[PDB]
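Structure first, then comments.
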Amino acid sequence: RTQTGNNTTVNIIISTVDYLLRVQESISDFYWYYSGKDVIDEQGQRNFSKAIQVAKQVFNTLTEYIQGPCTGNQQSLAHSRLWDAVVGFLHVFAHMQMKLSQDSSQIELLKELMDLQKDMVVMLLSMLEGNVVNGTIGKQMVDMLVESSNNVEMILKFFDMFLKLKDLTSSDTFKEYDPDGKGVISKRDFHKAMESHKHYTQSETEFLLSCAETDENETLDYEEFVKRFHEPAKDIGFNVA
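For the sequence shown, full-length UniProt numbering gives the first residue as 3859, with consecutive numbering after it.
If you want it as structure tokens, here you go:
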């Protein structure tokens, strides 16, 4: 952050967040390109992977900067332009978290994006390490969240809609629909399960059915479905909470 002895000082902490802000804008533009189109091609999916890797590394560098309650680094990044990058990533996450889930060919991209979200939330947690009551960092973070209100609402609804999935699949009402231990429920019986659960609204039920991949047998493995959509929700949502 500061080279005391040297005549001239260069703020690497601010240069890193400037690069993060540039790369987040690039990712947002590339998403806006790939928004209207139904399916993402292989080249686009690979470019997303490389950009997500770069952003993940930058986030890890920043969180390594701001651990060991480095007060100077924390204050500098609080006054820097990090909040714009965070509010951009929040929008990108909130929309791709709708979009990639419906398609069954973007599982790897979805995992990369949910890992990037976890790292961003970890850096946000490290931002508040050793916080004081009514702190400037807390106030700026609340302002950033308020600016990104809608995206946080959609992310939190997505997380809840899949956190209730474990309770649904471990409930006895599901066991009487599937009395066998094979774990491959039919798509028809799965919809009857969502209807009987009556903890899921019609929109949530139809979205979960759409996001459920089924083979030519018209049956899906609910075990694999929950084992794909539950743990990322759990680990990211715990840090958000």
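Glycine included, every Cβ here is placed at the ideal spot set by N, Cα and C.
Under the DSSP assignment, residue 4061 falls in the alpha helix (DSSP H) whose first and last residues are 4060-4068. Taking one beta carbon from each stretch, the stretch 3861-3870 and the stretch 3914-3922 have fewer than 3 pairs nearer than 8 angstroms; the two do not touch. Restricting attention to 3906, 4061 and 4019, the CA atom closest to the CA of residue 3964 is found in 3906. In the assembly as shown, residue 3941 is a buried residue. Its beta-carbon has 16 or more other beta-carbons within 10 Å. For the 8 angstroms CB-CB criterion, residue 4017 and residue 4087 do not form a contact. In this structure residue 4078 is not in contact with residue 4032, their Cβ atoms being roughly 13 angstroms apart against a cut-off of 8 angstroms. Note that the stretch 4001-4014 touches the stretch 3942-3949; at least 3 beta-carbon pairs, one per stretch, sit closer than 8 angstroms.
A distance of 8 angstroms or more separates the beta carbons of residue 3935 and residue 4004. Secondary-structure assignment with DSSP links residue 4044 through a beta bridge to 4077. Restricting attention to alpha helix (DSSP H) runs no shorter than 4 residues, the stretch 3989-4038 encloses them at 3994-4005, 4007-4028 and 4030-4035, ordered along the chain. Residue 4050 and residue 3994 have their C-alpha atoms spaced approximately 50 angstroms apart. One alpha carbon belongs to residue 3957, the other to residue 4042, and they sit about 25 angstroms apart.
Under the 10 Å beta carbon count, residue 4090 is surrounded by 16 or more other beta carbons and is classified as buried.
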